[PDB]
Structure formats: structure tokens, C-alpha cells
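J.: Just dropping this structure here.
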Amino acid sequence: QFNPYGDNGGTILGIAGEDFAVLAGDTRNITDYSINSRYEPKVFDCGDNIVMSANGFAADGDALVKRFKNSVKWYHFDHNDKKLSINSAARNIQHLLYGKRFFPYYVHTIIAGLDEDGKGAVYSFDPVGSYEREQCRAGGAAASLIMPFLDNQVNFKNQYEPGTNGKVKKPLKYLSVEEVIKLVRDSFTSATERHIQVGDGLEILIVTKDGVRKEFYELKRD
Amino acid sequence: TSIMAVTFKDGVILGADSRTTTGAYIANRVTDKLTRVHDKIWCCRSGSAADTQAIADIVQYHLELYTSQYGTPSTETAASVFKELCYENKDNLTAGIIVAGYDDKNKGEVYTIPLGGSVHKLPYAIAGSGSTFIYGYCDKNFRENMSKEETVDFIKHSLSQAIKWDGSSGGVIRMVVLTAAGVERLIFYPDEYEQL
Amino acid sequence: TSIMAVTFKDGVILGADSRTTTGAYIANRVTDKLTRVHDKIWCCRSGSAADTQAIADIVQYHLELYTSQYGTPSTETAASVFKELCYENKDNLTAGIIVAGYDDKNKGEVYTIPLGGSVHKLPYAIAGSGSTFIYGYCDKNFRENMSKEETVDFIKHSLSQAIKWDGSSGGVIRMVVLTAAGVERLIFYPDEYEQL
Amino acid sequence: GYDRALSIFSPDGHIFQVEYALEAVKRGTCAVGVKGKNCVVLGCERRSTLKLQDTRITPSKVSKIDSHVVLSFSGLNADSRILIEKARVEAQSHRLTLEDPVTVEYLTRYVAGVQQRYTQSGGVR
Amino acid sequence: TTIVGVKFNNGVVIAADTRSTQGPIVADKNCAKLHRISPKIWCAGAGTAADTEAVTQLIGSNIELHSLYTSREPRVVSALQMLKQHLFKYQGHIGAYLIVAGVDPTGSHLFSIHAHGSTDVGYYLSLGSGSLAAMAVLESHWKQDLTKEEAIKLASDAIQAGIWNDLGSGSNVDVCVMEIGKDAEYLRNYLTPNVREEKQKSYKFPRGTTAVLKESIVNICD
Amino acid sequence: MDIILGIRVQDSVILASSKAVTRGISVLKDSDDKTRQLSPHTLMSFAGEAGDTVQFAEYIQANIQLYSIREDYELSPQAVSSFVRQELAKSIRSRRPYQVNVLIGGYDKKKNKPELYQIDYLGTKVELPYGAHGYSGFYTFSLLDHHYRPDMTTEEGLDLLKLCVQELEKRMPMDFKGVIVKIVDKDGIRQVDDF
Amino acid sequence: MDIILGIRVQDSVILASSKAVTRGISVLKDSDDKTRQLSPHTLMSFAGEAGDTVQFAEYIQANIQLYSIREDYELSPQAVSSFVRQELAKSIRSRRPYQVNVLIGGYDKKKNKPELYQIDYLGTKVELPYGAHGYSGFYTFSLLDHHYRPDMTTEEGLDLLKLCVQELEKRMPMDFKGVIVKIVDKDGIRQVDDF
Amino acid sequence: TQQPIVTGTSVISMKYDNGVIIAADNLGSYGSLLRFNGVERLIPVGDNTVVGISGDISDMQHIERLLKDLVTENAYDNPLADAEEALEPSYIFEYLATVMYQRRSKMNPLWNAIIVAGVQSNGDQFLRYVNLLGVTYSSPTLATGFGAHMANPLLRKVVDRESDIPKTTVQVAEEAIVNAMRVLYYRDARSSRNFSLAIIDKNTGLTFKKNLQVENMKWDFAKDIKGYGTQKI
Amino acid sequence: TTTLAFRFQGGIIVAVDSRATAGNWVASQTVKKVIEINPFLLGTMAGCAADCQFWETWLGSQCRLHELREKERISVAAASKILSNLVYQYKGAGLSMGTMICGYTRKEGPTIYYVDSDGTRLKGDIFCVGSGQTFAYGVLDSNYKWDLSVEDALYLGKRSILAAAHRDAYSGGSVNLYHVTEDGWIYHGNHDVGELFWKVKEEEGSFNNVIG
Amino acid sequence: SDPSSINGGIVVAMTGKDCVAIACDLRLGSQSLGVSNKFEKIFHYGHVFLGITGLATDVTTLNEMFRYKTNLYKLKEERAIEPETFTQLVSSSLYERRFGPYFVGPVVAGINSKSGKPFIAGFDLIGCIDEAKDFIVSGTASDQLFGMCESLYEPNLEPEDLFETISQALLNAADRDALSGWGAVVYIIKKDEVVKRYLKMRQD
Ligand SMILES: [Mg+2]
Ligand SMILES: [Mg+2]
Ligand SMILES: [Mg+2]
Ligand SMILES: [Mg+2]
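Protein chains in written order, with the entry's author numbering: chain Z, 1 to 222; chain b, 1 to 196; chain N, 1 to 196; chain Q, 1 to 125; chain H, 1 to 222; chain X, 1 to 195; chain J, 1 to 195; chain a, 1 to 233; chain Y, 1 to 212; chain I, 1 to 204.
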């Protein structure tokens, strides 16, 4: 019988700073045990300082991104070139996803950018449209490997102040763009070691008030 | 079923057995599987008898309506109409049809349309359950530009073997000759072909 | 698989292709499907490779033990041992074996043993997935008391067609000649047989 | 379906079909409504050219829409039944979804909306 | 897994990758897949990992006892026959797929064995999830009358094909060369083309970071 | 939704309905009134699939209330029961049927007689002296066959009903948290607050 | 077979087991004692598949009694619990396993301490201050997490137990017909007749 | 819901310095039966694009008709149909990709794997894949079916990443393709010896080669292979 | 998930957890399971995240349209019924929702409605919904009285979620508190279970089963 | 009805400089219901340590089985079993039940008393040995543990530093798994002293 879904593998990662945000993703595309492409981007600049990735079944992912990009275009036409805020984009994507509630887009969606106060923002979605703003989110095949590492390093979970008898927690603070990229690169190299669907290349999109910048790094190709 | 169509020097000949089965019971031992969709465009039917009769009737209607407006249709056109029906309704059909026809320009032509609804133009074609047993024989013995008598012997010997090995095939061997001369029906009985 | 055994004037010849498939993947393109169970008693294997190898090994053991006690076994005896294994273990086996051997008294003999474990003595036999496509060709072209060269051409042409139409068959054509002279191995490559 | 725009504007900015509908109301028997301190009273005229009437079974001029709301009218009698039926259905629909009977203002707003819809819909007067 | 076997002039060579999987997760990044049945008879296994190890050790034990009993060096056909009869008896429930290779007084040998009990002969063979990538290389470059150095190259090239193109295979290349008249040479990590790059950061924690409730000395002595 | 009983006596119809609403391994409520007043002298109890029961009961209620206003007249229990039956008869051959069983207890003012109708989700209607839906009948019917008399008073009907509830509370596996009892007679519908 | 509870307090172990035996839509019995005395200071309650429960409980009882006679000595609760666990551990890989869950409440005379062991049909053993099998735990564990203290008296343990039964009687779907309570202490095993 | 009946096997392709190469055999299989031997599975669109299709042949013929009709439609009211407003590979691919995804979303797919090879108007190489699920991807080498498992590894040894493309000539690239087709003939049971090959170059244009054969095959070593283990004769 | 809401002398307490799970994978520990419909209306979420989040925000839009059209704040009954009638239309399609609509109005007073995806709609004083509902019930029922103070009521609702967060594997993260009065709803903060548990254990003397 | 994820739990083992560490959570549940927060999954036979995840009845049974076998080993050999030897024994015993296996994920840890070499090993349910220099992971949060260990681990850590690495790897892995947590224990093993530490973690 015809199965309309597939798994194209790969993994994505979004982190929010004080005045910036990053959305990273590996460039490997796979089916079963074969490599389809060593460089197939899945993190996209959608305009209005919003970056987006829909990881999972790539056909559904490409369709969703394509539809959201189109939603931004029409938002400009219908509302006098108004800038689509990240929160408004998030709600819009919920309706796109939930519109196919009974035949879902098989993807974990993450968007990143700046909120209306200029502060770093990341929003994450389940396949059917439930969403939440977070400082930190990993998605895709290696999400289970990366996410607990982020809890420990970004949000300082299970880390107490030395000598305080485990009474005083390690204080939360915003990380620099340099420190965030270090955590991203270390997350992906670790994922590449322990996950077969992750590798080849790492593409990071960084969002600041100045615009969207790109950075590429090699990953192991085995 | 054992059906085949073979092009030759003067035109094309369609050949078929006459057995129709319901399981192991022979419902009809004198079936006519060679069916006219136009004067000199005929077809050999295999698969679901209900599906292939329904299709052939619709095609005959289309080609009659075509002729009234645009004149005599080409064999390629007839094959195109068969394909359109078989391809678009592939989920609800079990039909394996060989289309054969004679033009004055294009001479003898043969098109085969398998289950999926694809079209394949060929010098000769074989189909039906009994065809499996004669792929080897037909490939070794078929020549292009054969005479009428040679083509009749080829079809007779071929279907004789298909009938011999296929339980779903048997009875008489019917043949239809399509040339510039006209349309000729031939029949061959067991006592002749069995002892070839 | 495409396998066959053919008796002729001087004895018997076994023939086979060399393709082994796992689905559509060719696991081995130079397989030897012609296997010795005794000096001048050989077999062609079709079906489950694990089952047919296991069986052939057990038969080879039985015939070696037979020879030590009672002298050279007949081809009929070898076929009987194959049958006994295939018939009694029919629920757990998928084996289609053709047994062929040369006696000085009985000359060349051929026995075929299909899935169920029945035995059938024949002048020639064909088996394997590719055999279906050459029932017609073989029936029309087989003659009794052929010469060595004629029998080699018959097997070569037959398996060539089986290979041509059967995706599960291919590679080289291996043959084993069993006569009073001795045992001769023959091989024929694609570049020769494909363009027959 | 019959699509004709029957209710349309005239050069002077009037919709004659709506204004001619008011003339039908002016022809109808008089109806009066007076509200007191703790009550409302609905008075209705019945023309006396019709004798040999059966007042038991003749449709009453005042119609209950729900147990707490009433509707009287002036104009075409047959037309009034369509509004009354729609109003009664809406009253029960409101109780079903809101779990509370209609306010008098709400019921009026519904009936008025139905009347308005028939002034700019095709194929209706 | 990618495994190969190649015959040459005066012997035979086998090779394998060093990735051990657990679904899509890489459990062991440097496992040894080349096993010893006897000193000059080596075995490469794919399929169910416990079965390949257990079956190669059992036949290896019985081969040693047989060699002692017969006062002769073990033959590859004996290991082949003992393996296939054992596997056939269990009807494929022992998921062992092997490439067997070695030298003995009869000469040099190369066989493949499948879980249901079937065996094959060849001059070049490949098994595992990367077998098609490896065989593509072998079919491109194999020729008659190979030298020792040509065979090792071909074999390791075939494994590399699987390492790079098959997600089930990775890390390093192990090789074993069995030449006639000589001792067999096991070349552990013959190639190491997948070295983990230096991490961007050290995640050594300050001492006292982890909150503790109870400490106690454990008595391991008598 | 589980236990609904009905007893028609001399001058009234008594409906008894269980108070429990259970979902999974939790009794979510123990005071649920499984009934709707269709008209002043007609009461309908119900049981079956979650959601469908109340949705159906309220739909019927609205239709009967609509009829009452339109004609300024109360439909007879027989007329209401037939309307309800037809709706269930339509429902069973729909895409998604109402899985709801009902008892309709009413007092016919024209005949001066109590009437009890049992209707299942298939649209199977029967007029009975006493009725039940679900597993309840397997205990109560035999008990009522024995103790029931046609000329009983309302008080005698309540004592008979107490005997049924006691038997159910003894032998039923599930805790249905007692019953709400309602009486339908010439004077209308009233609830027995202490049972 | 449904509700079995266990509470280990300061100087005793209290087991509470439901009295209902239900088959189909009928409560066949409302006074069933779901426990067997394995030894003078060891008591085992049980619940699970019909037939298996009693068959298993009595088999264990016989084996422990056999041990008592042979050695003229009472096995410790820990020793009995381990024996029981092993039997269930054997059973789960048998042709037809015992589908029986047990609680073992015992007073160790050498240690002068009460002990409560929870063992499921797989042979999963745990020593606990309070325990339960089946759906009971989903209500009682959270209640005991809150109210339980380790230094409680027997009387305080009974009041705590009453609080559990009340919660089960309120929120459980099925009527389990109350519980039989038994206390295991230094003086042996006794039953609380009024609960 | 479909099932493929008459099928075509691997389509293989790669980029080289000035353009792209694509190849596919001339077989139309009917399950294990090698039914049809004259099937062209490379279909040129204009003088700058070649679409290579595998999977169901009836759906392939449907796609041929769509492409044929696309050229006709593009020529309507278009004075620059053979110049600036001619069909690009990227236009042709996106059209097919839209169709493939729409059909899977209606649970009625075209049971195919498609590779669109071509050269854009600015000289850029175009090579992209689409299949029955609407899944799309691009790579210096692309292949379908068995080709993905056996051809890609061989082709990736020539062009392992983007920077290897300018270093690869048409002679070297074609040789690797022809070598890959031989390997597939050895190891794919649903393949044939006869195949077609197409080269789209930015300078020399579209070169379409028909009736190519796999040659220089190694079979001689088969004679020495005897038995399946112990057998010596 | 564990959600509750109960009615008492001083109005309504509403308490929820913040854990989200996909199988045994803990997807999130910081999910908002209370929706703020308006200053007088709250909605709780259990079952499918998307179904609850999408349709309860949709519910707020419908409640807003009501007060625009009727110049009056919607009743708790009417609000709950819009949601229950909506999900009933989808019955059989596979929606998974366990919700509680809580609020105050003049005519109704403090009111709680339980609404789920198979069409059930129930008015009541006490409800617990979710995989950990039984654990919350156990603590809530045994300590509940109508004459509870606002302080003690808030704590009981918090303590009930904590109890469930502890025992139920699919409940945890943090506790979100809400109090609803005649004047509207009041937020009483986010309480991390990581710190809350040890704080409650120490101060209350409870949770003796755990290694302190 | 998946034996490996009914009870829940995790084990992790790491090597350091002249030392090894092995750690586990304390949870035992019945699917969603947490039943025990005292269920330790690490055992020792002499100086060889064994952690076992998976079906709790099999955890208990195998502990009793290896205690049985190592006691007889000691009596006959007149010496304590070594980690390398015990690893082979665990493998043999698991594979003996090939077609009716114990549903477990065992982990061996210890220091060889003769050579002084730190040793760790892991197994699948039918005994396939996973030897590793760096670390071994097992249980319902194995994916989480692989991720934590791969990033946090570095070679030649001192006992005090190794404790912090293994503790943080376990804790943060457990907090992303529903069926793991509810307390934790960490063994730090030196050549001739062993320290056992109970960790403070979130109890949900
Ligand atoms: Mg990788
Ligand atoms: Mg072939
Ligand atoms: Mg956890
Ligand atoms: Mg929890």
C-alpha cells in the first residue's frame, strides 16, 4: 500500500540570545541507509528577519516553508508593507500546520528572529501546530542527543553554585554570539559521532538587528 | 488465454484461442476473443472479460463517432483511445489488450497495452496467461516481412504450444487477417494443430 | 534460475545459468548450480539454496556410504534418495531438483523432482523460474538420440532464451557432459549466447 | 434560481419596493403597544366587516414567540407567519446554545435582520 | 556494516569497517568485526552481532578440538561445513551472515555464508548494509592475478566506499591478510580517516557543581 | 451513564436514573441528572455513549418546546415517543448514529393515564408497565415481574423502586452512586429529594 | 480480586484487602478474605487472575509450612519474600504463568521490625513503607506520600488506612464491598472485625 | 493508491565542468519478466534539458505528454519562445515537482523517480531529483533505485564535492557513467545491456546518444569457480 | 499532564503542570496549559497540545465576538458550550481534549465546566483531568473543605499538582497557579517542582518514601 | 507491553585516570506509576561492578545468578573474578538464553587487580559485548546518555573530576526521560578504595 510519508533525517537547533538568535541545521539529506545529498539546505531566510526550518519529511518541510514565505509576501500586500513580527509569524504557522490536522505535515518546525523589543526569540512547533516560545530547542533525528546537553549548558540545569550545599542555583545569564556558536558546533559534532543520519555539513543562520548572516562548517562525512 | 498479433508483408494477423474459464471449469470452449472496433482495426482481449468487453464497446463507440466527423481513424488513434480508458481507470480494471490494424499508408501495425495502461508499438505481440510459455519460441521464429502463409503457420504453431502447456488456454484457434484485400476470418481445430 | 537436463545418444548433459538473486539484487553472478553427488550422477538445483545444498550434501553422503557397501549406485537410486528427503520434509523445504546420471547399462537418464517431492523420469527436463519461457521452444526442438554437438546447441539456445526473458536468470551458461568417456565441464559466456 | 433584483434604488435615492411594503402596513389593521411600570400591553384592531367568523380557531393577532416574549403586527397576514416561525425557531436555538432565553432586544434584532435581508437579496420582495 | 573478501596470488584478504549501530545510534565507534576461527582462518560478520560472535566462537572451539584430534591444521571447508550445518538447523533464527577466508594445506579459500545455511564461492565478495557500495568498487577494479599489495588496496577501497556512502558503516578500516606459507597478519585500524576534530570548548566542571545528599565508603574487601 | 429505570403505576410514572458519571478509572461526578423535561407532563431519561446522550436529549427537548409554542398545545406522551422513535430510526442508518437509549415517562391529560415508553438506540419502541435499559433489566425485570401490581399507588411504586435499587446496589459490579427519582403525574413533574 | 493495600508503621504491618468477588455482571460474594497466613508472623495478600490467585497462595503456604516443620523454625519475612519472588520469576517464563500479584506483610522477630514487600506477577520485588497493586495505587500512593509518617502507631496507621478506603470508595468505578483489615506485629496476626 | 506494473530501473547522472551527463537503460520490466527492450527513458525538453525517469512506465508516458504539452503551451503568444523566454531546466523541474507532490497529497501518486538534468541560460549546471513522495534534492551526482546504492559511490569518487566539478572533464565524467552502467548490468537483475546516454553542454549543446551497449565485461574468471564449497570437479 | 480546578468559599482555584511528552521522551517542561480567554475566563488543557491550544484560542475569539454583538461578557455556560458543540461536530475524527472552562460572572457566580473531545460537558465543584488526575484527586479530596481560606486553597491546589508530578511519569516540570474571584482571575506564579518538592518535603514533613 | 520500558531506568559507566565510575538512577515504576525510589541497579561481586537496566525482575534474577556464579568461581579458583573474565561470563550466560532472553542492558565496570587497567563493557540483551575505552550507556534514556557522554566526556579525568562528568551526564539525561530519575547513585572506583555518592535531583 502507498505510504505518503518518508523520513529525510537530519537535525536542527535554535538558540536565542539577548539581542540575537541562531537557527542551525546539518546539510545532510538521507533516505533509509543512503545519502541523497551532502549539501541540501533546510534552514531558510523567509524575510522580515525571520529564519525557518521544517525538519523531518523534506517534501512536507519544503511545502510548509514555501507556504509561509508566500504568507509573508501577502501580509505585505494586504497590510501596507507592515513588518511581520515573530509572534505573528508563529501564530500564522500554527494555522498552516493545524489546517492539515487530519493529514499532517510530518515535520518539527522551528523559527528564530527578534521580538518587538529587539530581544532574541525562538519558537518551536509540533507537527499539528502546538507552539511555544523558548530560549532553547533542538529538533529532528538527533534532538534526543542534543537537547539535554542544551539544558545543561544554556539553561544551566542541574548545576549548583560550588560550596553552597546545593542550595543556591547557578544563575541564568544571556550568552554571547561567540559562546552560542561554540555550543552549536560542539552539539553537531557530538551528534555526528553518535547519529548516522547526521553529518556532512553544518549551516548556521544568525539573526541580529542588522540582518541575517550565514556561517558554514564541515562535518564528518561517514 | 493465449492471444497474439503479428505484422507481415501484406498487413497484420490477429490470433487467439477460444477457452474461457471460471477457475478450472470451462465456461465457454468456443469464445471469440478477436473483436472488431472498426472495419480494419481489431483487438485481442485478455484479463477480465467484463472489463475488456466494456472497454472494447466504448472504443467502438468513440471510433464510430470519430469516423462520422473526421473520417477513418489510424490504428495509433484506436490504441490511444484504449490506453486512455485503461490508464485513467487502472485501479478498477484488469485488462490486457493487443490492438492491431491496417492502414493503406502505415500498412500493418500492432500495439500492446498491458495492465498498467502503458502503450507499446511492436512488430508482433503476445499476451494472456499462455503467452509465457512461447516467449522463447516466438522470439526465435519471428521474422519481419513474412508472407501470409508463413505468418499463419507462425501464429498456429505458437498458439498450439501455448494451448499445449496452459490449462487456461484451449479449444479452437481463431485468426483474423487484415490486408488491403479486406478482412478474412480463419479457424483451426484441435485435430489439426495438436499434432503439429 | 534456469536449469535443464537432456539425454542423448552417448549419455546425458546437464545445463544451467549462473545467477543467484536476493530480490532484484544479484548476490552471485557466477554461481555453480551443477553439483556432483557421485562420479557420474549430478543434479541441477532450484529453489531455496540453503535447502538444496543441505539436501545435495546429505544425498552425497548416502551415495558415498552406498558405494562403500554395495558398489556404484544407479541414477534411479540417487533420485530415490533425493525424493525421500524432499517428500518426507515437504512442509519445511522449497527444493526443485533435476537428477541426471550415466550408467553403462542404462545409459543417460533424467529424473525431475518438483516441490511436492514426486518423481518423474523423462527424456529431458526443465526447471527453475526461467523454464516457463522455454516450454514451447524445448518441446518443438527436442529430439531423441541427438548427437553431443546437437544436444549442446539445444541446451545453449534454450537457456539463452530463458536468460533473455527471466530477470532471475543470467550470467554464464554452465554445462556438464556425462558419457562413458568421462565427465566434461563446459562454459559459455554472454558474448556468445546472447546474440544467438 | 430566480435572481432578479426587485428591491433597487431609484434616481431620488429611494427603494420603492421597501416603501410600497410600508403602504401594505398602512393598509393593515391597527396595532398598539403601551408599556407601564411593571407590565406591557399589546392592543390590536380587528375589522368588523367580517361577520360569521369563528374566533376560537381564527389566527390571533398577538403571537407568542417564547413563554416570555410576544409579537403583534400590522400588514400582510401571510408574511407575518414566516417571521413568527423564524423567530420561534431562533428562540429555541438560543436556549439550546446559550442555555438562556432570548432578550427582547435580541429577538427584535433577529427579526429586523431577516426583514433587512429581504431588501437586498435577489429574487425576493 | 561493510565487509569484504578478496583473493590474490598467494592468498586471501578480508576487511571490515568499525562502526557498531543500535538503530540510528552509533554504540561503538571502533568495534572489531574481524574474528579468528583458527590462527590462519578469519571471519567477518554482519547481521545479528551476538550471533556472528557466538557462532564463530563455537565453530572455532570445535575446530581447535578437531585439529588436536586429527593432528592436522584446520581447513576452511571444515569451518564452512560446520557453520552451514549449524545455521541450517536453526532455519535462519541465528542471524549470522559471514565471509569466511583463510589458508590451509589445501590452499587459499574464500566463502560467504548466509543465515539460512547457504554457501557461495568467489574471488571477491561483500556482505552487510554497505555491500552494494563495496561491490561497485570491486566490480570496477577487481582483476585476475592480483598481488598482495593490490588486493589490500582494493579491499580497503571497497570498505571506504561503504564507510562514506552507507550510513550503517563508518569510522575505521580493519584488515587481515592470509598468505600461503606465512602467518596471518591482522592489521587493526589499518586506516583511520574519521578522526574526531578538537572540540571548541572543554566541559570539565568546577568541583562541587553536583549536589550531593550522602557519601559513604564502600567495602569491597573481605 | 448506566442505570435508568421506569415504573408506571396507577396515577403516575416514576423514573429512576443513576447519578454517577465515570470516565476511565475515575468517577468524575456523583450528582448527575440524566433526564430532560420535554414538556410539563412529559419526562425523558437517557443513557448511552458519552456526549451523544445529552446532545440528543437537548435536541429532542428543543423540538418539543418548539412544537408547544407553535400550537400553544402540549403533545401527548404517545406523540412525543413516536417523534423520538423516528429520530432514532433515522439515526441508526446515518454516517454516525446516536448511541442513546431512552425512557419516556408521561401523563396523558386527555386520557387521564400515566404512560411509560422504552426506546433503544435502534428506534425500537415499546409501551411497558415497567422498563429499564442496559444491564439493569437483568436484575429488575424479574423482581418487578414478582412484586409489581397494576393498581399500585405512587408511594407503593417508590417502595417497589427502593427494592430494585437495593438489589442493584447489592449485585451490580459498578458503583453508580445512587439514583435521582422523579414522579410524573396529573400535577406535572416533581423530584423526590430524599432517596 | 482488585484492591489490596499495605502500610508498614512503627511496630506493625497492616494489610487491607477488598471483600468483593465479581464474575461478569454479578457480585458473587461480598465477604472474601484475599489472604493466607504463611507463618505465625507472616501474612500474604493477593490479587489477579481467577483461580491462579488462591492456587498460588495455598501452594506458597504449604511450602512455608513444610519448611517450618522441617527446621522447627520460622523463616524471616525477607526469606519468604525471596522464595515467593523466585517462584513468580520461574512462572513468568512457563507455558502458562501465574497471573498473581501479592503483598507480603511480616514481623521479623530477630530484628524486632515490621516489613512490607510488594511483588508483582513478573517477580518484581520491592520493600516499601506502603504499597498497593492494580489501580488502587493511582489514588493511595499520592495520599500516603502526603499523610504517611514513619513513626506512626498502629491506631494512626488504621486511621490513615480509613482515609485511603474512603478515597477509593469515592473515586473508584467498581463497588469492592469494603475491606478486611489484618495487623501483623510481634504478637502475631489478628483481624480487625469492625471496619 | 497504486502499484507499479511495467517498470524502468536506475537513472544515473552527474555534473562536470561545462555541463551535465545523464543515462538510463532501455528496458521495460514486467516484474521478473524482461518484457520490453526498446523503451526510451530519457526525454529531451528543448535543446537544454533532459528528464530521466524510472518506475512505472505508464506514468512515465503520462509525464512525456505533460512535458510535450508544456513546450506547446510555452510557445503560445511568445515571440521569444526560442530565445529569452524559452523553457529552462529549473522551470521544467519545479513544474514536475509541484505535480508529484500534489498527486501524493491526493493519495494517487505518479509512481516514479525523476532526475531533471540540464544547463540554465546563464551557463549554470542544473541537476535535481524528484519522486512519487514529492521529495526533492540536488547533488553533484544523482541516481535512482539500484543506481543510488551502486552508481553514486563510483560517481562520488570523481566528484565528491562542489569544488571537484570544475576539475572534471566531459571525457572523465562520461567514462565514469559508462563504467557505472556496466556495474549495474552485473548486479541489477532488472537491468539490460542496451542503454541511452545524454550530454547537455553549455558550449556544444545537447548530444543524445542511442543504442549504446555495455562492453569490456569480465566473465573469464567464472570458468575456474567450481561448486559451492567442497566440490573440486 | 495533570490539571485541576475546584470551587470554594473564596471562589475558584486552578492549578496545572507544565510537562509535555511524546511517548517516553520529555519534549518540554515549560508549557502553558492554562489559556487566558479574558479577565474573567480561564481554560485548562489536557490531551493533544495542538487541539487544546488551537481550539481554546479559537474559543477566545468567539467569546470576544459575543461581547461585541451582545454588549455583555459571555457566561461560563455559554462559553463552555461553544467549545463542547464544536468538538462534538468533529466526534470520531480523532480530537483528543480534556479541558476545564473556569470563570466568574454575576448571574452564575464562580463556575467550572468540564469539557472533553467525545462531547461530554459537566458542571461541577471539583475536577481533575489528565494522566495524573487520580494522584491529584487523592490529595485534593482528602484535604478539601468548602470553608478553606484563599491561602490554604492555593496551597492545596499547588500540593495536589506536586503529588501528581511526583508519582505520574508523564506529569512534572512546574506548577502554574491561578485564583478566580468576583473581580476576575489572579495569577499566583510559576513554581518549579525541582525546588518546590524539597521545600514542601522539609516544611511539611511529607514525602518520607523519598531518600531525603 | 515492551519489556525493556515497563520499569524504566538507566545505567552509565565511564573510565578515568587509574579509575572507573558507574552510576544509575533509583526509579522503579509500572509504566506511568512510580512505585519505588530506592531501587538500586548497581551490584558488585568482589571488586567487579555490574549495573543492569531493563525489566526489574530480570535485573534481580541476574544479580542473584552472577552472585551465585562468582561465589563458586571464587571457591574453585581461590581468587576474585576479574572484569575481563566476568564480562565473558555475563555474555555466555545471556547468549545461553538466546531464544528466551532476559530483557536487560547490563554494564560491567571495574579495575583489574593485577594490571591496574580501568575496564568497562556493555551488552545487548543476548550478550553481544560492547567494549569501549571511553563510556558505556544503557536504559530508557540511552539516546540522552549517548548525547551527554559524547559531548561532556574527555580522556584521563581524575576521580574527583570524573564524578562531576558522570553525575551531570546521568542527571540531565534522566530529566529528559519520563521513566528515569527519582534519585541517583554514583560509584567512584579506585584501585583499592570505592566511594558511593547519592545525588540530589528533581523528584518528578
Ligand atoms: Mg555521522
Ligand atoms: Mg536475464
Ligand atoms: Mg525524568
Ligand atoms: Mg513525574
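For every residue, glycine included, the Cβ atom is placed at its ideal position computed from N, Cα and C.
1. Of all the CB atoms in chain Q, is at least one closer than 9 Å to the CB of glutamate 58 (chain X)?
2. Spell out whether any CB of chain H is found under 9 Å from the CB atom of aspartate 17 (chain N).
3. Beta-carbon of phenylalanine 195 (chain a) versus every beta-carbon of chain N: anything under 9 Å?
4. Buried or exposed: where does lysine 125 (chain J) fall if 16 or more other Cβ atoms within 10 Å of its Cβ makes it buried?
5. Whose CA, out of H:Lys40, H:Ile3, H:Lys199 and H:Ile220, lies closest to the CA of residue 309 (chain H)?
6. Determine the extent of the beta strand (DSSP E) in which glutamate 203 (chain Z) is found, giving its start and end residues.
7. Spell out whether any CB of chain N is found under 9 Å from the CB atom of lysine 164 (chain b).
8. Check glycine 15 (chain b) in the structure and name its three-state DSSP category.
9. Which two residues bound the contiguous beta strand (DSSP E) that contains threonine 179 (chain b)?
10. Take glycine 128 (chain N) and list the residues in its own chain whose beta-carbon comes closer than 6 Å to its own, dropping the five residues that flank it on each side.
11. Is the shortest distance between the beta-carbon of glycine 92 (chain H) and the beta-carbons of chain N less than 9 Å?
12. Quick check on the burial criterion: 16 or more other C-beta atoms within 10 angstroms. Buried or exposed for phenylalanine 154 (chain N)?
13. Beta-carbon within less than 8 Å of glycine 184 (chain Y)'s beta-carbon, same chain only, minus the 5 sequence neighbours each way: which residues are those?
14. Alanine 178 (chain I) CB to nearest chain Y CB: under 9 Å?
15. Applying the criterion that 16 or more other CB atoms from any shown protein chain within 10 Å of the CB defines a buried residue, is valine 168 (chain Z) buried or exposed?
16. Beta-carbon within less than 6 Å of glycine 11 (chain Y)'s beta-carbon, same chain only, minus the 5 sequence neighbours each way: which residues are those?
17. Per DSSP, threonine 21 (chain b) is paired with what?
18. Quick check on the burial criterion: 16 or more other C-beta atoms within 10 angstroms. Buried or exposed for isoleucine 22 (chain I)?
19. Between which residues of its own chain and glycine 130 (chain N) is the CB-CB distance below 6 Å, once the five residues before and five after are set aside?
20. Counting only runs of 4+ residues fully inside the stretch 15-103 of chain I, write out the alpha helix (DSSP H) ranges in chain order.
21. Please name the residue, chosen from Z:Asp151, Z:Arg221, Z:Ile146 and Z:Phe156, that lies closest to residue 289 (chain Z) on a Cα-to-Cα basis.
22. Counting contacts by CB-CB distance shorter than 9 Å, is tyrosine 25 (chain N) in contact with chain H?
23. If the cut-off is 7 Å on Cβ atoms, which residues from the stretch 108-132 of chain b count as contacting chain a, listed in chain order?
T.: On the basis of the data shown:
1. As a first step, residue 58 (chain X) is located in the sixth sequence; it is residue number 58 there, counting from the start. Yes, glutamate 58 (chain X) lies at the interface with chain Q (some Cβ there is under 9 Å from its Cβ).
2. For the purposes of this step, residue 17 (chain N) is taken as residue 17 along the third sequence, with counting starting at 1. By this cut-off, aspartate 17 (chain N) is not an interface position.
3. Position 195 of the eighth sequence, counting from 1, holds the residue named residue 195 (chain a). Taking Cβ atoms only, chain N never reaches closer than 9 Å to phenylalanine 195 (chain a), which makes this a no.
4. Within the seventh sequence, numbered from 1, the residue matching residue 125 (chain J) stands at position 125. It counts as buried.
5. No statement about residue 309 (chain H) is possible, as the shown extent of chain H runs from 1 to 222 and does not include it.
6. For the purposes of this step, residue 203 (chain Z) is identified with residue 203 of the first sequence, where counting begins at 1. Unbroken beta strand (DSSP E) run through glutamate 203 (chain Z): 201-208.
7. As a first step, residue 164 (chain b) must be located in the second sequence, where it is residue number 164. Chain N contact via Cβ: present.
8. In the second sequence, counting from the first residue as 1, residue 15 (chain b) sits at position 15. In this structure, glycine 15 (chain b) counts as strand in the three-state DSSP scheme.
9. Within the second sequence, numbered from 1, the residue matching residue 179 (chain b) stands at position 179. 173-179 is the extent of the beta strand (DSSP E) around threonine 179 (chain b).
10. Here residue 128 (chain N) refers to the residue found at position 128 of the third sequence. Closer than 6 Å at the Cβ level, and outside the excluded window around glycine 128 (chain N), lie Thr1, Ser2, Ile3 and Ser46.
11. Residue 92 (chain H) sits at position 92 when you count from the first residue of the fifth sequence. Taking Cβ atoms only, chain N reaches closer than 9 Å to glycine 92 (chain H), which makes this a yes.
12. In the third sequence, residue 154 (chain N) corresponds to position 154, counting from 1. Buried: at least 16 other Cβ atoms inside 10 Å.
13. Your numbering for residue 184 (chain Y) matches position 184 in the ninth sequence. Taken in chain order, the residues that qualify are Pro39, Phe40 and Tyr104.
14. Indexing the tenth sequence from 1 puts residue 178 (chain I) at position 178. Closer than 9 Å: yes.
15. As a position in the first sequence, residue 168 (chain Z) is number 168, starting the count at 1. Burial call: exposed.
16. Within the ninth sequence, numbered from 1, the residue matching residue 11 (chain Y) stands at position 11. Excluding sequence neighbours, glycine 11 (chain Y) sits near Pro110, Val180 and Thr181.
17. Position 21 of the second sequence, counted from the first residue, corresponds to residue 21 (chain b). Beta-bridge pairing links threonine 21 (chain b) to b:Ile26.
18. Walking along the tenth sequence from the start, residue 22 (chain I) turns up at place 22. That one is buried.
19. Taking the first residue of the third sequence as position 1, residue 130 (chain N) is located at position 130. Once the five neighbours on either side are set aside, the close Cβ partners of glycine 130 (chain N) are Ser2, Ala162, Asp166 and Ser169.
20. 56-77 and 83-95
21. Absent from the structure is residue 289 (chain Z), since the part of chain Z shown begins at 1 and ends at 222.
22. Looking up residue 25 (chain N) in the third sequence gives position 25. Taking Cβ atoms only, chain H reaches closer than 9 Å to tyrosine 25 (chain N), which makes this a yes.
23. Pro114, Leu115, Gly116, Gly117, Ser118, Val119 and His120
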